Amino acid sequence: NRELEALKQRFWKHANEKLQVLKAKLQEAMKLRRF
Amino acid sequence: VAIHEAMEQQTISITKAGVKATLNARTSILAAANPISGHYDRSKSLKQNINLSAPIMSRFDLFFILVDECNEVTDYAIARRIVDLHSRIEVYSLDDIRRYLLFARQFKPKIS
Amino acid sequence: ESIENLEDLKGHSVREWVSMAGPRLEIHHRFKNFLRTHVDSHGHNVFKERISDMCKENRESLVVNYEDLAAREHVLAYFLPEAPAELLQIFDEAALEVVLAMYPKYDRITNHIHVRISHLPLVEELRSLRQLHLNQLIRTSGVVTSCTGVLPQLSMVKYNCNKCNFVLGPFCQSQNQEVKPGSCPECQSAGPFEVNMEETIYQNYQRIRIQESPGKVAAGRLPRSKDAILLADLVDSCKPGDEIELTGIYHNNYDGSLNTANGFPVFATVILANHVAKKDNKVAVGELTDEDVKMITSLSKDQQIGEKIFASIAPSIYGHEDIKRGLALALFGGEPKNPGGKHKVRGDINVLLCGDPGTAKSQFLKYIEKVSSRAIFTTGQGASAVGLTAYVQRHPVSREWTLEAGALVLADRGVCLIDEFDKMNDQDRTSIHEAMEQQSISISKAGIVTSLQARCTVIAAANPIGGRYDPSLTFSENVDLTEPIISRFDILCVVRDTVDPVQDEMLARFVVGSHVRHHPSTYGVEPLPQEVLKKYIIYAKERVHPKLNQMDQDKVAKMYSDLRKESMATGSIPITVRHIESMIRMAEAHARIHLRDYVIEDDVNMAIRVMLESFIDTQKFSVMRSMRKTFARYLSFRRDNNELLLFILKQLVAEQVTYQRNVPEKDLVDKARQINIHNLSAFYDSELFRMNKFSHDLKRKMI
Ligand SMILES: Nc1ncnc2c1ncn2[C@@H]1O[C@H](COP(=O)(O)OP(=O)(O)NP(=O)(O)O)[C@@H](O)[C@H]1O
Ligand SMILES: [Mg+2]
Ligand SMILES: [Zn+2]
């Protein structure tokens with residue numbers, strides 16, 4: 001299945017609601033501040 | 001006239017009373033045309049055969065010509081293909097071609 | 001006093017938390033510190049500069065970027081989309097007492113300052129708004145369809161008692177219901193009351209309707225829309241037809257009319273605005289920084305700036321240097337004026353790109369649409385006379401006749417782009433005469449008798465008769481346009497796809513290079529970056545106003561006169577004053593490109609060159625040789641003037657060597673500023689002084 005996985009890799013090479021994402025990635029920085 | 005913008009710029013820019021809009025037409029066009037006088041005259045050029053203006057003709061990436069030859073074997077083959085296909089109804093399936101085409105269109109080939 | 005804390009941990013909700021006194025004070029201090037300590041990547045104190053640029057213009061409104069608020073103060077960025085009204089009030093107070101630290105007398109100018117948040121990352125499609133977004137800060141985009149007038153809304157209302165002189169104390173007005181006193185505390189009379197119109201404090205109000213842009217998702221479907229409320233300084237931030245980008249609080253309230261309409265407890269919604277940008281006016285002079293001005297004015301020092309700007313227009317198009325030059329002159333534009341206060345003449349420059357298919361004319365128009373602010377695009381039959389100029393309609397709710405802006409009025413200080421101009425109807429095409437010269441649109445319809453301003457530069461593209469341009473005929477003989485419409489175009493451009501295999505190789509290699517370069521993944525000067533060019537154009541069109549004091553009047557008059565003589569025998573039309581004024585406008589435009597406050601001889605030479613090369617292009621192919629010789633020899637194709645400076649240098653060196661035997665660069669440029677040869681840089685980049693063994697150095701100044 002290595003060639004099929006290589007085709008998947010080529011496909012992903014060409015491959016290129018958000019408040020919670022913002023809050024999580026910001027809360028990481030606040031955790032760093034606390035530490 | 002609006003086909004000029006739609007074919008190349010892939011947009012339609014309407015500006016009239018009560019509406020101003022640059023509408024999207026990211027579309028591939030498959031045109032079918034009839035030559036003047038019905039029969040395609042081989043002695044005449046294609047430009048002389050059809051009434052499409054030169055700016056329109058420059059839009060198309062490919063021009064193809066289908067001319068009705070009087071060949072006996074071709075007529076028999078056409079009739080046979082129609083009849084035996086119509087009787088058959090009761091390499092790849094169209095669903096497979098659809099899936100492969102949708103998969104293939106995600107590739108963006110570079111130019112070496 | 002109330003003690004500082006870690007802010008992000010609490011048992012309350014966010015709104016309750018930031019409402020409490022302790023964390024409110026901590027948030028206040030944090031935002032104060034953020035304003036007074038935030039720095040740019042280069043180390044420039046950003047908000048000192050922004051507050052100074054605000055207090056100079058008395059704009060009483062401070063714009064803050066979320067993408068660095070999150071960088072500096074994390075928890076403020078955390079609470080902001082969750083509790084925006086409360087946090088924005090706190091930000092307003094902190095910003096006010098920062099501004100009154102920087103400019104202590106600014107309370108004389110304004111008692112309140114609004115913090116406006118920009119670049120909010122939680123953008124939302126307009127039809128994707130749901131109950132999940134309620135009472136949260138959102139960012140949306142859409143075209144403004146309707147606007148109320150600017151109206152005064154109560155903000156802090158004092159009521160006169162219905163039976164006596166007493167003023168009932170201030171009530172803070174809401175956007176949900178009209179606040180009321182009930183009964184007076186000095187005497188408990190009740191029910192109706194009078195507003196004290198003098199002591200009541202009002203605020204500006206403007207309600208707009210925005211819907212999805214027509215080309216965004218509405219592919220035959222009807223677009224969704226939302227109402228938005230602009231308050232205080234945000235009024236007049238937008239008009240109908242503006243592709244705005246709106247940040248605001250998604251707010252909801254009970255509406256009985258919607259309840260009876262739907263038969264369900266359905267709550268109306270509205271966006272309380274907090275920032276309005278525009279997606280076409282991506283840069284503005286009110287937003288330019290000191291560093292932008294500094295690098296713009298440093299670029300103007302370069303002698304190659306004209307070539308850099310010309311090469312910077314549509315850099316993905318090979319060749320067409322004359323087209324890029326004309327489009328640059330139109331994009332920068334001349335200077336409008338009104339000598340005597342009784343006689344207007346336009347400053348804007350009009351261009352027409354005629355030629356055969358596959359020559360990037362429409363592509364040039366699309367580039368100009370992208371680079372220039374307040375630009376619009378239209379095509380052929382898609383345009384109409386009425387839509388181009390202005391239209392009269394029954395107003396949607398009043399049902400009285402109202403006049404509305406057409407294309408050339410919406411582009412009143414921008415560019416109207418008309419593609420495939422030859423293919424319009426005559427009734428559509430003749431509608432732009434007044435707009436193209438008198439720069440007004442006069443309407444006498446349905447009781448409306450008024451004239452709108454249309455100070456618009458029209459750039460048009462067209463094909464000749466039969467599609468293909470034939471060099472056997474003049475421009476007038478194969479364009480099919482008439483003299484009144486041709487003569488209104490200051491610059492005429494002809495592009496021909498004639499075969500030349502070496503040029504075809506160069507063009508094709510460039511096109512393939514563009515295709516491989518822009519994969520999703522004649523220039524010789526290098527362009528500017530397009531962001532720099534947009535800043536340069538918007539700076540030059542506002543902060544520079546070229547004056548005219550001397551342009552060699554007899555030279556221009558002689559040129560125009562024999563240009564008229566030659567045109568009488570052939571097929572393009574220099575109507576009397578329009579071509580003279582076209583040259584004046586182009587000289588002013590070239591001065592504007594160089595950021596010159598006054599027009600010089602080089603600019604006049606450039607304008608003369610543009611006019612004459614365009615005129616030569618309109619001739620028959622057989623006639624171009626004689627015509628080109630006629631104008632080139634006598635009428636100022638001033639290529640270079642190296643010989644005078646060569647012999648001036650040789651004379652100065654001969655005298656100096658004779659003096660020495662029995663700082664020369666200063667000696668050279670002294671005589672060069674005495675004689676009218678002041679552009680000495682050409683002499684240093686020319687081989688004439690080099691094979692005479694002369695050379696230059698800005699430090700040593702020896703030659
Ligand atoms: N010199 C050039 N450099 C790069 N692309 C070019 C050049 N000349 C033509 N093209 C390409 O040709 C295509 C057509 O451009 P377009 O602006 O529609 O041509 P046009 O002048 O409008 N022809 P027409 O609409 O029939 O009058 C675009 O993809 C351009 O990029
Ligand atoms: Mg075109
Ligand atoms: Zn009373």
# chains A, B, ... in the order shown; residues from 1 in each chain; ligands from 1
>>> select_by_dssp(residues="chain A", states="alpha helix (DSSP H)", output="VMD selection string")
chain A and resid 2 to 13 19 to 34
>>> closest_atom_pairs(of="chain C", to="ligand 2", cutoff="8 Å", atoms="only C-alpha atoms and all ligand atoms", output="CSV")
residue,atom,partner,partner_atom_place_in_ligand_line,distance
C:357,CA,ligand 2,1 (Mg),6.9
C:358,CA,ligand 2,1 (Mg),7.6
C:359,CA,ligand 2,1 (Mg),7.9
C:360,CA,ligand 2,1 (Mg),6.8
C:361,CA,ligand 2,1 (Mg),5.3
C:362,CA,ligand 2,1 (Mg),4.0
C:363,CA,ligand 2,1 (Mg),7.2
C:419,CA,ligand 2,1 (Mg),6.3
C:420,CA,ligand 2,1 (Mg),5.8
C:461,CA,ligand 2,1 (Mg),6.7
C:462,CA,ligand 2,1 (Mg),7.0
C:463,CA,ligand 2,1 (Mg),7.8
>>> select_by_dssp(residues="chain B", states="strand (DSSP E or B)", output="MDAnalysis selection string")
chainID B and resid 11:16 19:24
>>> write_last_selection(atoms="N, CA, C and O atoms", output="tab-separated table (two decimals), in the first residue's frame")
chain	number	residue	atom	x	y	z
B	11	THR	N	-16.64	36.84	-15.32
B	11	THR	CA	-17.55	37.67	-14.56
B	11	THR	C	-18.56	38.31	-15.52
B	11	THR	O	-18.34	38.38	-16.73
B	12	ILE	N	-19.67	38.77	-14.94
B	12	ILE	CA	-20.70	39.52	-15.66
B	12	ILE	C	-20.97	40.78	-14.85
B	12	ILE	O	-21.44	40.69	-13.71
B	13	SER	N	-20.67	41.94	-15.43
B	13	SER	CA	-20.72	43.22	-14.72
B	13	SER	C	-21.97	43.99	-15.16
B	13	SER	O	-21.96	44.72	-16.15
B	14	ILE	N	-23.04	43.82	-14.40
B	14	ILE	CA	-24.31	44.51	-14.64
B	14	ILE	C	-24.26	45.85	-13.91
B	14	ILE	O	-23.85	45.93	-12.75
B	15	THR	N	-24.67	46.92	-14.61
B	15	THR	CA	-24.78	48.25	-14.02
B	15	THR	C	-25.99	48.93	-14.65
B	15	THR	O	-25.88	49.58	-15.69
B	16	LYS	N	-27.15	48.79	-14.00
B	16	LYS	CA	-28.41	49.34	-14.49
B	16	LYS	C	-29.12	50.00	-13.31
B	16	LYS	O	-28.58	50.12	-12.21
B	19	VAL	N	-29.45	48.35	-9.52
B	19	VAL	CA	-28.55	47.22	-9.26
B	19	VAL	C	-27.21	47.48	-9.94
B	19	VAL	O	-27.16	47.81	-11.13
B	20	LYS	N	-26.14	47.33	-9.17
B	20	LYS	CA	-24.77	47.29	-9.66
B	20	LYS	C	-24.14	46.04	-9.09
B	20	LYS	O	-24.11	45.86	-7.87
B	21	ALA	N	-23.63	45.17	-9.96
B	21	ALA	CA	-23.18	43.85	-9.52
B	21	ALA	C	-22.18	43.29	-10.51
B	21	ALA	O	-22.43	43.30	-11.72
B	22	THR	N	-21.05	42.79	-10.00
B	22	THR	CA	-20.09	42.01	-10.77
B	22	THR	C	-20.29	40.55	-10.36
B	22	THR	O	-19.76	40.10	-9.34
B	23	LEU	N	-21.05	39.83	-11.17
B	23	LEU	CA	-21.51	38.48	-10.87
B	23	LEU	C	-20.51	37.46	-11.40
B	23	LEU	O	-19.89	37.67	-12.45
B	24	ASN	N	-20.35	36.36	-10.67
B	24	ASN	CA	-19.34	35.35	-11.00
B	24	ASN	C	-19.88	34.33	-11.99
B	24	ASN	O	-21.01	33.85	-11.87
>>> residues_around(residues="segment 19-30 of chain A", least_positions_apart="4", cutoff="12 Å", atoms="only C-alpha atoms", output="PyMOL selection string")
(chain A and resi 34-35) or (chain C and resi 6-9+66-67+69-82+120-124+132-133+136-139)
>>> residues_near_ligand(ligand="ligand 3", cutoff="12 Å", atoms="only C-alpha atoms and all ligand atoms", output="CSV table (one decimal) with N, CA, C and O atoms, in the first residue's frame")
chain,number,residue,atom,x,y,z
C,159,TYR,N,-36.3,64.9,32.2
C,159,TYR,CA,-37.8,65.2,31.9
C,159,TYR,C,-38.2,66.3,32.8
C,159,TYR,O,-38.0,66.3,34.0
C,160,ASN,N,-38.9,67.3,32.2
C,160,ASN,CA,-39.7,68.3,32.9
C,160,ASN,C,-40.9,67.6,33.5
C,160,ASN,O,-41.6,66.9,32.8
C,161,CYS,N,-41.2,67.9,34.8
C,161,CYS,CA,-42.4,67.4,35.4
C,161,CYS,C,-43.6,67.9,34.7
C,161,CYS,O,-43.7,69.1,34.2
C,162,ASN,N,-44.6,67.0,34.6
C,162,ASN,CA,-45.9,67.4,33.8
C,162,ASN,C,-46.7,68.5,34.4
C,162,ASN,O,-47.5,69.1,33.7
C,163,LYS,N,-46.5,68.8,35.7
C,163,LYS,CA,-47.3,69.8,36.4
C,163,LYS,C,-46.4,70.9,37.1
C,163,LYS,O,-47.0,71.8,37.7
C,164,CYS,N,-45.1,70.8,37.1
C,164,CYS,CA,-44.3,71.8,37.7
C,164,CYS,C,-42.9,71.9,37.1
C,164,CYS,O,-42.6,71.1,36.2
C,165,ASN,N,-42.1,72.8,37.6
C,165,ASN,CA,-40.8,73.2,36.9
C,165,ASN,C,-39.7,72.1,37.1
C,165,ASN,O,-38.7,72.3,36.4
C,166,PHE,N,-39.8,71.1,37.9
C,166,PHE,CA,-38.7,70.3,38.3
C,166,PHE,C,-38.2,69.4,37.1
C,166,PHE,O,-39.0,68.8,36.3
C,167,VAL,N,-36.9,69.2,37.0
C,167,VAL,CA,-36.3,68.3,36.0
C,167,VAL,C,-35.9,67.0,36.7
C,167,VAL,O,-35.1,67.0,37.6
C,168,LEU,N,-36.6,65.9,36.2
C,168,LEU,CA,-36.2,64.6,36.7
C,168,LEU,C,-34.9,64.2,36.2
C,168,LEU,O,-34.6,64.3,35.0
C,183,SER,N,-42.9,58.4,37.9
C,183,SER,CA,-43.4,59.5,38.7
C,183,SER,C,-42.3,60.3,39.3
C,183,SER,O,-41.2,59.8,39.5
C,184,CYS,N,-42.6,61.6,39.5
C,184,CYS,CA,-41.6,62.6,39.9
C,184,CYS,C,-41.2,62.5,41.4
C,184,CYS,O,-42.1,62.4,42.2
C,185,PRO,N,-39.9,62.5,41.8
C,185,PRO,CA,-39.6,62.4,43.2
C,185,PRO,C,-39.9,63.6,44.0
C,185,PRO,O,-40.1,63.5,45.3
C,186,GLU,N,-40.0,64.8,43.4
C,186,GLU,CA,-40.4,66.0,44.2
C,186,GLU,C,-41.9,66.1,44.5
C,186,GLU,O,-42.3,66.7,45.5
C,187,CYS,N,-42.7,65.5,43.6
C,187,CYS,CA,-44.1,65.4,43.8
C,187,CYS,C,-44.6,64.3,42.9
C,187,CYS,O,-44.3,64.3,41.7
C,188,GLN,N,-45.2,63.3,43.4
C,188,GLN,CA,-45.4,62.0,42.7
C,188,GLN,C,-46.6,62.1,41.7
C,188,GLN,O,-47.5,61.2,41.7
C,189,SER,N,-46.6,63.1,40.9
C,189,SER,CA,-47.4,63.1,39.6
C,189,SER,C,-46.7,62.2,38.6
C,189,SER,O,-45.5,62.0,38.7
C,190,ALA,N,-47.5,61.6,37.7
C,190,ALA,CA,-47.0,60.4,36.9
C,190,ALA,C,-47.6,60.4,35.5
C,190,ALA,O,-48.4,61.3,35.2
C,191,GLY,N,-47.2,59.5,34.7
C,191,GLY,CA,-47.7,59.3,33.4
C,191,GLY,C,-46.9,60.0,32.3
C,191,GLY,O,-45.7,59.7,32.1
C,192,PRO,N,-47.5,60.9,31.6
C,192,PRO,CA,-46.8,61.7,30.5
C,192,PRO,C,-45.8,62.7,31.1
C,192,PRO,O,-46.0,63.2,32.2
C,193,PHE,N,-44.8,63.0,30.3
C,193,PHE,CA,-43.7,64.0,30.8
C,193,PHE,C,-43.2,64.7,29.5
C,193,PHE,O,-43.3,64.2,28.4
C,194,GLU,N,-42.6,65.8,29.7
C,194,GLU,CA,-41.9,66.6,28.7
C,194,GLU,C,-40.4,66.4,28.8
C,194,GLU,O,-39.9,66.5,29.9
